[PDB]
Amino acid sequence: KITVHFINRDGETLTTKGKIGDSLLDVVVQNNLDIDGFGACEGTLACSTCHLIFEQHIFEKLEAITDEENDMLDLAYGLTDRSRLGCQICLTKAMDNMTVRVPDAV
Amino acid sequence: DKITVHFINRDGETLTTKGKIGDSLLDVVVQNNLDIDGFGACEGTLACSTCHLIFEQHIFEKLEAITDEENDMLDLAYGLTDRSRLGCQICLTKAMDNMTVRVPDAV
Ligand code: FES
Ligand code: FES
């Protein structure tokens, strides 16, 4: 179990624990996080509601992104250079105590 | 005299600096020459949105009354939130010490 911090759109910081090997969507869903409309296609790589923004140093070590995730992510809202589809990212001991931000929205 | 202001740059990196009381957040970026691209285009004349800034609720909540002037300009800013304001209209006060503002996301 590792700690993960989610900075919601409201500006609030949600600190939770997730099991190694789990997807960030599994963490949100299973821990019943506040984030709205997160993980709609349930990891089918059909949407981008699981869009998460990472810290440069964590972003750099993530599994190489596939064109499948990339093509969908490129059309997502509030994109950044450190953006990834949460459902495709699984927790690693290295991600312990990291902070992921949820894309902005009025 | 001065106060501390934490600026979260677009690249996610956090840059802190100090500005004089009465100075606009725009003045802070300019004078201290912060590395925030295309920020302050119209130079505080409310003729752009490039000074858009995201604030912490506890602060945003206690800012100067939003003027229709700013509203009609802030609505054209990309990546808006419920804690956005035009940095050039926000002048530093003591209650803002050690605050953290974030530049809207942009690829
Ligand atoms: S939940 Fe749809 S791509 Fe991740
Ligand atoms: S610098 Fe243009 S509106 Fe503030």
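Convention: sequence-line order gives letters A, B, ...; per-chain numbering from 1.
Residue pairs that meet the salt bridge (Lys or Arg N to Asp or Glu O under 4.0 Å) test with at least one member in residues 86-107 of chain B, sequence neighbours left out, are A:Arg101-B:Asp105, A:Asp104-B:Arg102, B:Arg102-B:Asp105. Counting only residues at least two apart or in different chains, salt bridge (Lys or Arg N to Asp or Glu O under 4.0 Å) contacts with residues 21-39 of chain A are absent.
Residues B:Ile8 and B:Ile3 do not share a hydrophobic cluster, clusters being chains of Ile/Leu/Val/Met/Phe/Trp/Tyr side chains in contact below 4.5 Å. No chain of hydrophobic side-chain contacts below 4.5 Å, direct or via other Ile, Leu, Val, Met, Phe, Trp or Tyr residues, connects A:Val4 to A:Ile53. Linking ILVMFWY side-chain heavy atoms closer than 4.5 Å, directly or via other members, places B:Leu86 and B:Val103 in two distinct hydrophobic clusters. Tracing side-chain contacts under 4.5 Å through hydrophobic residues (I, L, V, M, F, W, Y), one never reaches A:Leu73 starting from A:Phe59; they form parts of separate clusters.
Side-chain contact between B:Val30 and B:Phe39: absent, with no pair of heavy atoms (C-beta onward) separated by less than 4.5 Å. Looking only at side-chain heavy atoms (C-beta outward), A:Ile20 and A:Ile2 come within less than 4.5 Å of each other.
A donor atom on one side chain and an acceptor atom on the other are not found under 3.5 Å apart for A:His5 and A:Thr13. Checked by atom type, the side-chain pair B:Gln31/B:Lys20 shows a donor-acceptor distance below 3.5 Å.
Residues passing the side-chain hydrogen bond (donor to acceptor under 3.5 Å, both in side chains) test with A:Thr99: none are found, sequence neighbours excluded. The side-chain hydrogen bond (donor to acceptor under 3.5 Å, both in side chains) search around A:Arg9 returns none, not counting sequence neighbours. Residues satisfying the side-chain contact (heavy atoms from CB on, under 4.5 Å) test with B:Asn33, not counting sequence neighbours, are none. Taking the side-chain hydrogen bond (donor to acceptor under 3.5 Å, both in side chains) definition, one finds that B:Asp11 meets it with nothing, sequence neighbours left out. Listed by chain and residue number, nothing satisfies the side-chain hydrogen bond (donor to acceptor under 3.5 Å, both in side chains) test with B:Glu69 (two or more places apart in sequence, or in another chain). For B:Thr17, the side-chain contact (heavy atoms from CB on, under 4.5 Å) criterion is met by B:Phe7, B:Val28, B:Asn32, B:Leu34, not counting sequence neighbours. Here B:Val107 pairs with A:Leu79, A:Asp81 under the side-chain contact (heavy atoms from CB on, under 4.5 Å) rule; sequence neighbours left out.
Residue A:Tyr77 is found outside any hydrophobic cluster, as its side-chain heavy atoms come under 4.5 Å of no other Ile, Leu, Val, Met, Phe, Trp or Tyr.
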Quiz prompt | side-chain contact (heavy atoms from CB on, under 4.5 Å) between B:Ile90 and B:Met96, intermediate numbers included | solution = CA-CA 10 Å; B:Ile90 303 301; B:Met96 287 182 230; 4.2 Å; yes
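Put simply, CG on A:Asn8 and CD1 on A:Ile35 are 4.5 Å apart, with the number rounded to the nearest 0.5 Å. Separation of atoms CD (A:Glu55) and NE2 (A:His57) is listed at 4.5 Å; rounding is to 0.5 Å.
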Atom pairs and distances, side-chain donor-acceptor, residues 61-68 of chain B, under 3.5 Å, sequence neighbours left out:
from	atom 1	to	atom 2	distance (Å)
B:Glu61	OE1	B:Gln57	NE2	2.8
B:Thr67	OG1	B:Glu70	N	3.4

Please table the atom pairs, donor to acceptor, closer than 3.5 Å between any side-chain atom in residues 43-53 of chain B and protein atoms at least two apart or in another chain.
from	atom 1	to	atom 2	distance (Å)
B:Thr45	OG1	B:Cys42	O	2.8
B:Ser49	OG	B:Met73	O	3.0
B:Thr50	OG1	B:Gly40	N	3.0
B:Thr50	OG1	B:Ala41	N	2.8
B:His52	NE2	B:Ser84	OG	2.7

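Within 6.0 Å of NZ on B:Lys18 lie more than 12 heavy atoms contributed by other residues, nucleotides or ligands.
Here the closest heavy-atom approach between residue B:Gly79 and residue B:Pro104 is recorded as O-CB, 4.0 Å.
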